[PDB]
**Q** 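Quick one: this structure, given as structure tokens, is what I'll be asking you about.
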2 protein chains.
Amino acid sequence: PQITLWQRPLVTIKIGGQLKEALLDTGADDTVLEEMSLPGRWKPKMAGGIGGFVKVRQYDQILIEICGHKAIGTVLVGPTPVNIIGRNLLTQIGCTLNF
Amino acid sequence: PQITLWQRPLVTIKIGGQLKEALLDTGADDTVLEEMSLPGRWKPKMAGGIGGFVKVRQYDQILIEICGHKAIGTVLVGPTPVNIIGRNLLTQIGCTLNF
Ligand SMILES: Cc1cccc(C)c1OCC(=O)N[C@@H](Cc1ccccc1)[C@@H](O)C[C@H](Cc1ccccc1)NC(=O)[C@H](C(C)C)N1CCCNC1=O
């Protein structure tokens, strides 16, 4: 789909059996999700945004379906105000910017 | 241009007679620039990211040229680690996401 930017580019994802809304985010290197129930092992990590740092859990090779396109990769889980799909996954669904 | 997302989507901007590099950022409502010399009047404001909140200065109707496309709008100025072009300007240069 082509997505214009008059509203937040929010898409429906399926991750770990659950349905969520997430922001397609070209200004995010990584993918950050709200506190959620994920299976597997992790490594403590800190994500750094505007205004400072959040402690996150890092899960590798997690399956996600973003607007019906499958991607496998790293997902961060922690106290983000909004679910963020970052460029690590955007590249996998063939996502481009166009102007 | 079409921009893939294997690297940060950094473009050259001209703002207030100066040249800078900024991130085309679909996950940003607003445009935030590092501390810089801007002319005019302002209003104190707080921008809120992943780590909490930064105090910024809000300037209205500021001309920016982003990859050679002029846009006029609100620019926020403050202690961001990266220059961010938000959807408020991205819509003016006809920027879309495509997958
Ligand atoms: C950079 C990065 C590296 C690794 C992993 C991750 C998730 C990374 O990205 C984290 C990040 O905050 N990226 C920002 C841009 C970024 C990259 C590098 C350094 C600093 C920032 C931006 O794209 C997303 C983030 C989302 C958000 C946060 C809080 C509330 C609402 C939305 N959006 C915002 O902060 C914007 C700002 C820029 C005007 N924002 C805040 C006011 C409300 N609305 C809004 O749109």
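As the structure lists them, so they are numbered: ligands from 1, and atoms in each ligand from 1. These numbers come from the heavy atoms of this one structure, side chains and all, not from hydrogens, waters or symmetry mates. The chains referred to below are lettered A, B, ... by the order of the sequence lines, with proteins before strands, and numbering in each begins at 1.
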**Q** Tell me the protein heavy atom at minimum distance from atom 45 (C) of ligand 1, and give that distance in Å.
**A** B:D29 N, 3.5 Å

**Q** Answer yes if B:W42 and B:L89 sit in the same cluster of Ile, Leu, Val, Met, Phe, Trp and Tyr residues linked by side chain heavy atoms under 4.5 Å apart, and no otherwise.
**A** yes

**Q** Mind checking side chain to side chain donor-acceptor pair (under 3.5 Å) for B:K20 and listing every partner two or more places apart, or none if nothing turns up?
**A** B:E34

**Q** For B:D30, take its heavy atoms, then give the atoms of ligand 1 lying under 4.0 Å from any of them.
**A**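 Once the distances to B:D30 are compared, the set is 39 (C).
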
**Q** Establish whether A:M36 and A:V11 are linked, either directly or via other cluster members, by ILVMFWY side-chain heavy-atom contacts under 4.5 Å.
**A** yes

**Q** Does B:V32 reach ligand 1 with a nitrogen or oxygen that is under 3.5 Å from one of the ligand's nitrogen or oxygen atoms?
**A**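 Among all N and O atoms of B:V32, none is under 3.5 Å from an N or O of ligand 1.
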
**Q** Which atoms from ligand 1 have a heavy atom of A:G49 less than 4.0 Å away?
**A**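 Close to A:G49: 12 (O), 20 (C).
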
**Q** How far is atom 13 (N) of ligand 1 from its nearest protein heavy atom, and which residue and atom name does that atom have?
**A** A:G27 O, 3.6 Å

**Q** At their closest point, which heavy atom of A:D25 faces which heavy atom of B:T26, and how far apart are they?
**A**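 Closest pair (atom of A:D25, atom of B:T26, distance): CA-OG1, 3.4 Å.
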
**Q** Do B:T80 side-chain atoms and B:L33 backbone N/O form a donor-acceptor pair below 3.5 Å?
**A**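 A pair under 3.5 Å: no.
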
**Q** Quick one: does any side-chain atom of B:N88 pair with a main-chain N or O of B:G73 as donor and acceptor, under 3.5 Å?
**A** no

**Q** So, 4.0 Å and heavy atoms of A:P81: is ligand 1 close enough to count as a contact?
**A**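 It does, in that a heavy atom of A:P81 comes within the 4.0 Å cut-off of ligand 1.
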
**Q** How far is atom 41 (C) of ligand 1 from its nearest protein heavy atom, and which residue and atom is that?
**A** B:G48 O, 2.6 Å

**Q** Counting N and O atoms only, with roles assigned by atom type, does the side chain of B:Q58 sit under 3.5 Å from a partner on the main chain of B:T74, one being a donor and the other an acceptor?
**A**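 Not at all, since once roles are kept as given, no pair shorter than 3.5 Å links the two residues.
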
**Q** What protein heavy atom is closest to atom 37 (C) of ligand 1, reported as residue, atom name and distance in Å?
**A**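 Heavy-atom neighbour on the protein nearest atom 37 (C) of ligand 1: B:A28 CB, 4.0 Å.
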
**Q** Work out whether the distance between some heavy atom of A:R8 and some atom of ligand 1 is less than 4.0 Å.
**A** yes

**Q** Judging by distance only, is a nitrogen or oxygen of A:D25 under 3.5 angstrom from one on ligand 1?
**A** yes

**Q** State, to 0.1 Å, how close B:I50 and A:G52 come at their nearest heavy-atom pair, and which atoms those are.
**A**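 Scanning both residues completely, I find the closest heavy atoms to be CG2-O, 4.2 Å.
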
**Q** Going by the closest heavy atom to atom 31 (C) of ligand 1, which one wins out of A:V82, A:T74, A:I84, A:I85?
**A** A:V82

**Q** Quiz question for you: does at least one protein heavy atom lie closer than 4.0 Å to atom 8 (C) of ligand 1?
**A** yes

**Q** Considering the heavy atoms of A:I50, write down every atom of ligand 1 situated less than 4.0 Å from one of them.
**A** 20 (C), 21 (C), 38 (C)

**Q** Whether the side chain of A:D30 engages the backbone of A:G86 through a donor-acceptor N/O pair (distance < 3.5 Å, no angle test) should be reported.
**A** no

**Q** May I ask whether B:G86 has any heavy atom positioned less than 4.0 angstrom from an atom of ligand 1?
**A** no

